[PDB]
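To start, the structure under review is shown below, and the notes come after it.
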Amino acid sequence: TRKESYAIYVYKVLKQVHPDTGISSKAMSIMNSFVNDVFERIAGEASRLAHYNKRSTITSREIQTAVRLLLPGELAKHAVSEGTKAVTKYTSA
Amino acid sequence: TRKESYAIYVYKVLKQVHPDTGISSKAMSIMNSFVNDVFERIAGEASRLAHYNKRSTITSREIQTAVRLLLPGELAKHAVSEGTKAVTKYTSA
Amino acid sequence: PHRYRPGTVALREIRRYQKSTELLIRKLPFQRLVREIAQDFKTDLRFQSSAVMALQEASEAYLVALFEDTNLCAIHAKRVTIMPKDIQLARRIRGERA
Amino acid sequence: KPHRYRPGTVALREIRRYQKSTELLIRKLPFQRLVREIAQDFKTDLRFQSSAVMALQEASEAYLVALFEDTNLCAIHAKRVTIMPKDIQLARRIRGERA
Amino acid sequence: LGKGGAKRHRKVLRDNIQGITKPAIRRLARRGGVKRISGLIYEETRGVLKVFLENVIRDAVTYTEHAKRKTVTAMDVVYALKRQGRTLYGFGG
Amino acid sequence: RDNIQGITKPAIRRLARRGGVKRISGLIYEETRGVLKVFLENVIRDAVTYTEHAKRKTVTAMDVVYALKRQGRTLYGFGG
Amino acid sequence: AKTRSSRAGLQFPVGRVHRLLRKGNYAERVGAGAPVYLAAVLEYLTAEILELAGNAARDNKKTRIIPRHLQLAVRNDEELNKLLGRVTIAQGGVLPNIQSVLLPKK
Amino acid sequence: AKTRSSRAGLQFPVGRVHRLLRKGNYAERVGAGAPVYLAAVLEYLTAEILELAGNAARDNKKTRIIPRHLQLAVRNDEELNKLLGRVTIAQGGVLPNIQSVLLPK
DNA sequence: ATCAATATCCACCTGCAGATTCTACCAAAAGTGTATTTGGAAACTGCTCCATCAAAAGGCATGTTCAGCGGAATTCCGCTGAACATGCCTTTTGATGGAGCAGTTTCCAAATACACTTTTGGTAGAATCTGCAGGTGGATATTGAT
DNA sequence: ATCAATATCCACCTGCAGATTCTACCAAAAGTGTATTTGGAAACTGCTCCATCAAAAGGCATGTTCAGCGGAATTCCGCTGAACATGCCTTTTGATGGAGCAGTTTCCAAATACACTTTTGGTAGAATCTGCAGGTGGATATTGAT
Ligand SMILES: [Mn+2]
Ligand SMILES: [Mn+2]
Ligand SMILES: [Mn+2]
Ligand SMILES: [Mn+2]
Ligand SMILES: [Mn+2]
Ligand SMILES: [Mn+2]
Ligand SMILES: [Mn+2]
Ligand SMILES: [Mn+2]
Ligand SMILES: [Mn+2]
Ligand SMILES: [Mn+2]
C-alpha cells in the first residue's frame, strides 16, 4: 500500500542550501518527478551504453559516460566530479 | 567474424511480394536498420508497459498494446491482425 | 468617459498573465471536453480528478507555447496580429502537421 | 545577340534536377577535413572508419536540406522568395534548436 | 435492481469544444505574449486543442485498458504525455 | 582556409536547391556554415564519447549512428 | 524438430526474436507468444515497405529496389511516413516538390 | 552498522538507488560503484535546482518554494533549461517576456 | 502643458488549510556475514582496413560583368479587432449520499525458467550470374526575343 | 506568335561491378525433463469517483464606437542570378606498411544467491505551528482629453 519518494532526501538537501526555506507539497512533487526522470534518463543511457559494448554489467564507468552524454556541459563537469568523489570516498571504506 | 542480420528473411519476404524483383546492397542494409528500429521501439514500449503494471513478464498482450501505441492508425490494425493470426496458428501446432 | 487606446489593455493583460500560474480555461467546461473525447474511444470510464488536472496543465502549457511560436511567425511577416496561417506555419515546422 | 535565360529560370531547373537525384552535394574531401578538424577538438589522434565519415555526410546533408525546406516556408510566409538568415533563425527557433 | 436498463443515464455530451471560450483562448494567448488576435484564431485553436487532447487521451486510455481498469488515472496521463514527448512533472510522473 | 570554408557557396546552393529554394541572400552562406558546424560539433561530440568509452581510437559508423539516434536524427543503412 | 517460425507460418525468425528479447533486458521473463507476435508484426511491416518500394522500382523501369525506391515508398505513404517521421533513409533524396508561388507567371 | 550512503558522504540513498537499478532491468548486473555515483549525481542536480529555486523564492519574499519558483529557476538558467527543455512543470507559468516590436513608443 | 480617470504595487491584518513536529507502530529495506558463480580485463597475435604519398587530369570552384526584378519603404484608407459597458448565465463551491471499482490476501497450475544433449538453419567465402550505368544525338520540349 | 537557342528525354548495345546462388561448417535453436514462479480467479473490502442540490457572483456574451493595423499599390535602388573565361584541387587507382580492432585462453576481483540481525522510511495524527491567501485603498505614475 505504502509508496516511496525522495522527499526526505530532497528536504535534507534543501536545508543544506537554504536553511530557512521550506517547500510546498506541490513543489516537492515536482522535485520528486525530476529525480525519477533524471534517474531514468541516466540509467537508460547507461543501459544501452553497456549493450553497445556487449557488457552485462552497468558500472560507475557507464553511469559516467551517460552523465556526459546527457547533461549540458557545465552541469556535466560538476556532476562528474561529485560522482567521482563519492565513489572514491566510498571505496576508502 | 560471424555477424547476424535479417537480410535473408527480408529477401524471402521480398520474393513473396515481388517474385521477380531484387534489392541493392544498400537498400537491404536500410531494411535491416528498419527491422531493428521497429523491433527496439516495440520491445521498449512493451518493456515499460510491463513495468507500469508491476509485471515481470512480457507476453504477446504487451507486444499488442505496444503495437497500438506505436503504429499509425491503419498500420496498427493490420499489424495486430497478423500478430494475432500467428499466435493462434502457433498454438494450433 | 475614459478610454484606453487599443493595445494598452492588451499589453497590461500580457504582463498580468505572464506573472501568474492560474489555469486559464474554466475547469468544468474543460472537463466535459475531456470526458466527451474520451467517451468516443471507450465508453463507461471514470477519471481520477488529478487525471483531468494533468490533462489541463499539459493542454495549457502546450497552447501557451504554441502561441509564442505563432507570435514569432506573425512578427516575422511584419504583423502584430496572429492569424491561422501563423499557427499553421508554427505547427508545420514543429513537425506536428507538416 | 547572346541567349540569356531569365533570372530564376535556371534556378527552378537546378531544383527539379537535384530533387530527382540522391547523390551528395558537398565535395567529399573538403567534408573529410571539416569532420577530422572538429573531432580533433574533442580527442586527438583519432581515426575514422570510411562509413563513419559517410554516415555523417548523409546525416548532415539530410539535416541541411530539410532546414532549407523549412527556411523556404518562412521566407514565403513573409511574402518573399529569397531565403535570408532570419528565416533560418526563425526555423531553428521554432524547432527547438535555439534555446 | 440489476434488471431492465443500464442503471440510469448521464446526459449525452455534445459540442463541448465550444466550452473553450474566446475569452479563455485570449487569456492563453496573452500568457503567450500575444497582443493582437485575428477573429479566425478561435476556431483554429479549438481544432488544434481537439487534436492535442485526442492524441494524449487516446494513449492514456490505451494504458488504462491495458491494466484492465475502468478509471483513467493520473499515471495513465503522465505516461501518455511522456510517450508523446511532453513529460509532465507534478502528478506522480 | 578554415575547412568550414571548404563548404562552398556552390555546394550550399545545391543543398538549398534540393530543398526547393529558388533565390538566396548572400549572407545565407555564412549562416549555413555556422549551422552545419554546430550540427557536426553536436553529433561528433557524442560519437566520440562512445569511442572514448569503448576504449577505442577509431570512430566507427556505429558510434555515429548511435550519436544520431541519441540526437533524434536516426539514420538507416550504416548498421544498427 | 520444427522451426517455431514455421509453426506460426512466418518467414521471420521466431526463435532469434525470442533470444533478442531475453538478451535486451526488457523484462525478467518473456512469454511464449511474444516472439511469435513480434516476429509476425516485423514481417508484416517489411512486406508493406517492400511492396511499395517494389512498385516504386517498377515505375522507374528498374527491377531491383534501391534506397531511393524505399524513400519514395515511405514518404508517399501517409502512415509509413509518420512511423518513420524522424528517420533518415540514406541515399534517398527528397520528393519532387516546388512551392507553387515559386513557379513562373502563368 | 553504517548506511552505505554515509560512507559515500551522501544524502541520497545509495541502497535505494541500487535496488531501483536492479528492479529496472537496465543490465544483467549492477556494479557496487554505480549506485553510489548515480545517487551523487541526483543529489547534485537536486541541490543545484534547490539553490536556484530558493533564490527565486527569496526574491518574491516567500519562505517556501512553490512551483513557480522551480519554473523561474529552470527557465532562467541555460543549462537546467536545456536539461528540462522538453519538460513541463505544473503550475509553473512562463517567464515574463514581451517581444520588443509590440511595445509602445 | 494643465487636469482628471485609473491600474498596479506594496503595506495592513486575521483567517485557516497546508506544512512541520513528535509519538509511535513496524514492516519492507538495507546491512552484515558466508558460500559461490562469473564477467571482463590482461597478455597475445591474426586479418582488418585506415592513413598516405604518388599524380595524372577534368570536373568543378571562382572572379568578374551586366541588368532583371525583388525587396523594402512610403502613402493611404477600409474595416477589423480592441475597449467597455450591460445583462445575466453557468461555473464554482461546499456538503451529502451511493455504488461500482480497485486493491489487498490466499491459492492452485499453467506457464516460464533452467540445465543438457541432439539437430540444422544461417553465415562466410567462393563460384556463377546479370541489371543498369554510360556513351552518343537526333527527337521532344520548353524558354525568350523580336 | 513564329524561328531560334538550348536543355531534358529516350532508344539500343554491351560488358562488369555488384547481386545471387552454391558449398559445407557450427553457433544457435529445438527437444526432453526438472525446478521455480508468475499472475487470473474467487471473495470481502474500502477509497474514490459520480451525481445532486442550492446559492451567488465571477465571468461569458453581446452590442456600440472608432483607433489604427495590414495590405494594396506605386516607386526605384541595388542585390543576386545567369554567363563566361581562368585555373586550382578534388577524385580515381591501387598499391603499401602498420596502428588497431578483434579472436583465444587464463582467472582474480567483483558480483551473485541466500539466510539473518537490524535500521529506517512511510503512515497515521493528535498537537501545535505558522506561511501566506484573500480583501481594501492611498501614493505614485501615466495618460487621454481638452
Ligand atoms: Mn460521443
Ligand atoms: Mn568470461
Ligand atoms: Mn515586389
Ligand atoms: Mn447572457
Ligand atoms: Mn541445411
Ligand atoms: Mn543510362
Ligand atoms: Mn501600418
Ligand atoms: Mn599493432
Ligand atoms: Mn525513521
Ligand atoms: Mn496577496
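To be explicit about the labels: the chains of the C-alpha cells are called A, B, and onward in the order shown, and within each one the residues are counted from 1, while ligands get numbers from 1 in the order they are shown.
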
Exercise for the section: Can you pull out every residue within 9 Å of region 32-47 of chain E, counting only C-alpha atoms (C1' of nucleotides), but drop anything in the same chain fewer than 4 positions away, and send it as an MDAnalysis selection string? Expected result: (chainID C and resid 7 10:11 13:15 17:18 63:71 80:84 87) or (chainID E and resid 17:18 20:22 25:28 51:52) or (chainID H and resid 94 96:99 102) or (chainID I and resid 80:82)

Could you dump the residues just selected with N, CA and C atoms (P, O5', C5', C4', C3', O3' and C1' of nucleotides) as a compact mmCIF listing (two decimals), in the first residue's frame?
```txt
# COMPACT_ATOMS: atom_id res chain seq x y z
N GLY C 7 -4.49 48.41 -27.55
CA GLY C 7 -3.19 47.81 -27.39
C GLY C 7 -2.70 47.95 -25.96
N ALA C 10 -4.28 45.38 -23.69
CA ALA C 10 -3.70 44.14 -24.20
C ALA C 10 -2.34 43.92 -23.53
N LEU C 11 -1.44 44.89 -23.63
CA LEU C 11 -0.15 44.78 -23.01
C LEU C 11 -0.30 44.60 -21.50
N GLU C 13 -2.62 43.01 -19.97
CA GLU C 13 -3.01 41.61 -19.78
C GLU C 13 -1.85 40.64 -19.94
N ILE C 14 -1.00 40.91 -20.91
CA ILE C 14 0.17 40.09 -21.13
C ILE C 14 1.02 40.11 -19.86
N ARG C 15 1.24 41.30 -19.29
CA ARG C 15 2.03 41.39 -18.06
C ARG C 15 1.33 40.70 -16.92
N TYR C 17 -1.00 38.05 -17.05
CA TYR C 17 -0.99 36.61 -17.19
C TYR C 17 0.40 35.96 -17.24
N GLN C 18 1.44 36.76 -17.49
CA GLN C 18 2.78 36.17 -17.51
C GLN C 18 3.34 36.15 -16.10
N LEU C 63 -0.72 24.99 -25.44
CA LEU C 63 -1.26 26.13 -26.17
C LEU C 63 -0.52 27.40 -25.94
N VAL C 64 -0.02 27.61 -24.72
CA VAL C 64 0.69 28.84 -24.46
C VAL C 64 1.97 28.84 -25.26
N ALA C 65 2.67 27.71 -25.26
CA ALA C 65 3.93 27.66 -26.01
C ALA C 65 3.68 27.77 -27.53
N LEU C 66 2.59 27.17 -28.02
CA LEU C 66 2.24 27.27 -29.43
C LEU C 66 1.94 28.78 -29.79
N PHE C 67 1.31 29.53 -28.87
CA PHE C 67 1.02 30.94 -29.13
C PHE C 67 2.35 31.72 -29.24
N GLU C 68 3.36 31.35 -28.45
CA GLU C 68 4.67 32.01 -28.55
C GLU C 68 5.19 31.86 -29.98
N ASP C 69 5.22 30.63 -30.47
CA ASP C 69 5.71 30.35 -31.82
C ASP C 69 4.89 31.07 -32.87
N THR C 70 3.58 31.00 -32.71
CA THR C 70 2.67 31.64 -33.63
C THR C 70 3.01 33.14 -33.67
N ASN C 71 3.29 33.71 -32.50
CA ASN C 71 3.59 35.12 -32.39
C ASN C 71 4.86 35.50 -33.15
N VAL C 80 1.42 42.20 -36.16
CA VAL C 80 1.44 42.09 -34.71
C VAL C 80 0.21 41.31 -34.30
N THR C 81 -0.60 40.99 -35.31
CA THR C 81 -1.84 40.23 -35.17
C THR C 81 -1.62 38.78 -35.62
N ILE C 82 -1.74 37.82 -34.71
CA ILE C 82 -1.55 36.42 -35.08
C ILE C 82 -2.74 35.93 -35.89
N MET C 83 -2.48 35.04 -36.83
CA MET C 83 -3.52 34.51 -37.70
C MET C 83 -3.40 32.99 -37.92
N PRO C 84 -4.47 32.37 -38.43
CA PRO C 84 -4.40 30.93 -38.66
C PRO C 84 -3.17 30.52 -39.50
N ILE C 87 -0.44 30.13 -37.06
CA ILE C 87 -0.48 28.91 -36.27
C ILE C 87 -0.06 27.73 -37.15
N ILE E 17 -16.27 21.25 -27.17
CA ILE E 17 -15.12 22.04 -27.58
C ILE E 17 -15.52 23.53 -27.54
N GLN E 18 -16.80 23.81 -27.75
CA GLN E 18 -17.23 25.20 -27.73
C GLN E 18 -17.15 25.76 -26.33
N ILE E 20 -14.43 25.84 -24.63
CA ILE E 20 -13.15 26.52 -24.59
C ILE E 20 -13.52 27.82 -25.23
N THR E 21 -13.77 28.83 -24.43
CA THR E 21 -14.23 30.11 -24.94
C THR E 21 -13.25 31.12 -25.51
N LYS E 22 -13.78 32.04 -26.32
CA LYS E 22 -12.97 33.11 -26.90
C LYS E 22 -12.14 33.81 -25.79
N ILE E 25 -9.35 31.55 -24.70
CA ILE E 25 -8.34 31.46 -25.73
C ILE E 25 -7.49 32.71 -25.76
N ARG E 26 -8.10 33.86 -25.48
CA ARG E 26 -7.33 35.11 -25.46
C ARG E 26 -6.41 35.22 -24.24
N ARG E 27 -6.87 34.64 -23.13
CA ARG E 27 -6.09 34.66 -21.92
C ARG E 27 -4.81 33.85 -22.16
N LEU E 28 -4.94 32.66 -22.76
CA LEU E 28 -3.78 31.81 -23.06
C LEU E 28 -2.84 32.55 -24.00
N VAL E 51 -7.20 18.18 -31.49
CA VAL E 51 -6.25 17.17 -31.93
C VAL E 51 -5.26 16.84 -30.81
N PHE E 52 -4.84 17.86 -30.07
CA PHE E 52 -3.95 17.59 -28.96
C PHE E 52 -4.58 16.62 -27.96
N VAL H 94 5.02 31.00 -17.21
CA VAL H 94 6.10 31.24 -18.19
C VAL H 94 6.95 32.42 -17.71
N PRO H 96 8.27 36.20 -17.63
CA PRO H 96 7.71 37.46 -18.13
C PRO H 96 8.56 37.88 -19.31
N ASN H 97 7.98 37.99 -20.50
CA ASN H 97 8.72 38.37 -21.69
C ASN H 97 7.80 38.85 -22.80
N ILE H 98 8.07 40.05 -23.31
CA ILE H 98 7.26 40.65 -24.38
C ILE H 98 8.14 41.05 -25.55
N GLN H 99 7.82 40.62 -26.76
CA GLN H 99 8.64 40.98 -27.92
C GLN H 99 8.69 42.50 -28.05
N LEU H 102 6.21 44.83 -30.03
CA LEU H 102 4.87 45.01 -29.52
C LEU H 102 4.77 46.16 -28.54
P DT I 80 -14.01 43.47 -42.24
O5' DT I 80 -12.97 42.77 -41.28
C5' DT I 80 -11.58 42.93 -41.50
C4' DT I 80 -10.88 43.14 -40.19
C3' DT I 80 -11.41 42.29 -39.04
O3' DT I 80 -10.27 42.03 -38.25
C1' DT I 80 -11.47 44.53 -38.41
P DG I 81 -10.06 40.62 -37.51
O5' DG I 81 -8.90 41.03 -36.53
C5' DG I 81 -9.14 40.98 -35.17
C4' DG I 81 -8.85 42.31 -34.51
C3' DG I 81 -9.22 42.10 -33.05
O3' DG I 81 -8.30 42.74 -32.22
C1' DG I 81 -10.50 43.85 -33.88
P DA I 82 -8.17 42.22 -30.74
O5' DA I 82 -8.09 43.60 -29.94
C5' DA I 82 -7.23 44.64 -30.38
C4' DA I 82 -7.53 45.90 -29.61
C3' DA I 82 -7.74 45.64 -28.12
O3' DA I 82 -7.20 46.71 -27.36
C1' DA I 82 -9.76 46.45 -29.05
```

Practice task
For residue 110 (chain I), list every protein, DNA or RNA residue within 12 Å, evaluated using only C-alpha atoms (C1' of nucleotides), and leave out those in the same chain fewer than 5 positions away; present the list as a PyMOL selection string.
Solution key: chain J and resi 37-40

Exercise for the section: Could you give me the residues within chain D that DSSP places in alpha helix (DSSP H), as a VMD selection string? Expected result: chain D and resid 9 to 20 28 to 40 50 to 77 85 to 95

Practice task
Compute the set of chain D residues within 9 Å of chain G, using only C-alpha atoms, and express it as a ChimeraX atom specification.
Solution key: /D:8-9,12,15-16,18-24,55,58-59,62-63,65-66,72-73,76,81

Just the selected residues (N, CA and C atoms), exported as a CSV table (one decimal), in the first residue's frame, please.
```
chain,number,residue,atom,x,y,z
D,8,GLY,N,16.1,33.2,-62.4
D,8,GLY,CA,15.1,32.3,-61.8
D,8,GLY,C,14.8,31.1,-62.5
D,9,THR,N,14.9,31.1,-63.9
D,9,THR,CA,14.6,30.0,-64.7
D,9,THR,C,15.6,28.9,-64.6
D,12,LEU,N,15.0,27.3,-61.0
D,12,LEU,CA,14.0,26.2,-61.0
D,12,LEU,C,14.5,24.9,-61.6
D,15,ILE,N,16.5,23.0,-59.3
D,15,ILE,CA,15.6,22.4,-58.3
D,15,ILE,C,15.1,21.0,-58.7
D,16,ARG,N,14.4,21.0,-59.9
D,16,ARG,CA,13.9,19.7,-60.4
D,16,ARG,C,15.0,18.7,-60.5
D,18,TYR,N,18.1,18.5,-58.8
D,18,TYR,CA,18.5,18.0,-57.5
D,18,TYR,C,17.5,17.3,-56.7
D,19,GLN,N,16.2,17.5,-57.0
D,19,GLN,CA,15.2,16.8,-56.2
D,19,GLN,C,15.0,15.5,-56.8
D,20,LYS,N,15.5,15.2,-58.0
D,20,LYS,CA,15.4,14.0,-58.7
D,20,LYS,C,16.5,13.0,-58.3
D,21,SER,N,17.7,13.5,-58.0
D,21,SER,CA,18.8,12.7,-57.6
D,21,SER,C,19.0,12.5,-56.1
D,22,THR,N,19.9,11.7,-55.7
D,22,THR,CA,20.1,11.4,-54.3
D,22,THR,C,21.6,11.5,-54.0
D,23,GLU,N,22.4,11.8,-54.9
D,23,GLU,CA,23.8,11.9,-54.7
D,23,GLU,C,24.2,13.1,-53.8
D,24,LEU,N,25.2,13.0,-53.0
D,24,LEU,CA,25.6,14.0,-52.0
D,24,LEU,C,25.9,15.3,-52.8
D,55,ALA,N,28.4,8.3,-43.0
D,55,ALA,CA,27.2,8.4,-42.2
D,55,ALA,C,27.0,9.9,-41.9
D,58,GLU,N,25.8,11.9,-44.9
D,58,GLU,CA,24.3,11.6,-45.2
D,58,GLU,C,23.5,12.4,-44.2
D,59,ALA,N,23.9,12.2,-42.9
D,59,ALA,CA,23.1,12.9,-41.9
D,59,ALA,C,23.1,14.4,-42.1
D,62,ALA,N,21.1,15.6,-45.1
D,62,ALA,CA,19.6,15.4,-44.9
D,62,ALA,C,19.1,16.5,-43.9
D,63,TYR,N,20.0,16.8,-42.9
D,63,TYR,CA,19.6,17.9,-42.0
D,63,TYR,C,19.5,19.2,-42.7
D,65,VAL,N,19.2,20.0,-46.0
D,65,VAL,CA,18.2,20.1,-46.9
D,65,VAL,C,16.8,20.3,-46.3
D,66,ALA,N,16.5,19.6,-45.2
D,66,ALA,CA,15.2,19.8,-44.6
D,66,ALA,C,15.1,21.2,-44.0
D,72,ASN,N,12.5,28.0,-46.4
D,72,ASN,CA,11.8,28.5,-47.6
D,72,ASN,C,10.3,28.8,-47.2
D,73,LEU,N,9.7,28.0,-46.4
D,73,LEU,CA,8.3,28.3,-45.9
D,73,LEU,C,8.3,29.6,-45.1
D,76,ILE,N,8.5,32.5,-47.6
D,76,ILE,CA,7.3,32.6,-48.3
D,76,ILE,C,6.3,33.2,-47.4
D,81,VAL,N,10.7,35.4,-51.6
D,81,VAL,CA,11.0,34.2,-52.3
D,81,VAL,C,12.5,34.0,-52.1
```

Exercise for the section: Compute the set of chain B residues within 10 Å of chain E, using only C-alpha atoms, and express it as a VMD selection string. Expected result: chain B and resid 45 48 to 50 52 to 53 61 to 62 64 to 66 68 to 70

Select from chain B every residue with an atom at most 10 Å from any atom of chain J, then for each give the shortest pair of atoms and their distance in Å to one decimal, using only C-alpha atoms (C1' of nucleotides), rows by chain and rising number, as a Markdown table.
```
| residue | atom | partner | partner_atom | distance |
| --- | --- | --- | --- | --- |
| B:1 | CA | J:103 | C1' | 8.9 |
| B:2 | CA | J:27 | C1' | 9.1 |
| B:22 | CA | J:19 | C1' | 8.2 |
| B:23 | CA | J:19 | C1' | 7.9 |
| B:24 | CA | J:19 | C1' | 7.2 |
| B:25 | CA | J:19 | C1' | 7.8 |
| B:55 | CA | J:39 | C1' | 8.3 |
| B:56 | CA | J:38 | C1' | 7.6 |
| B:57 | CA | J:38 | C1' | 7.9 |
```
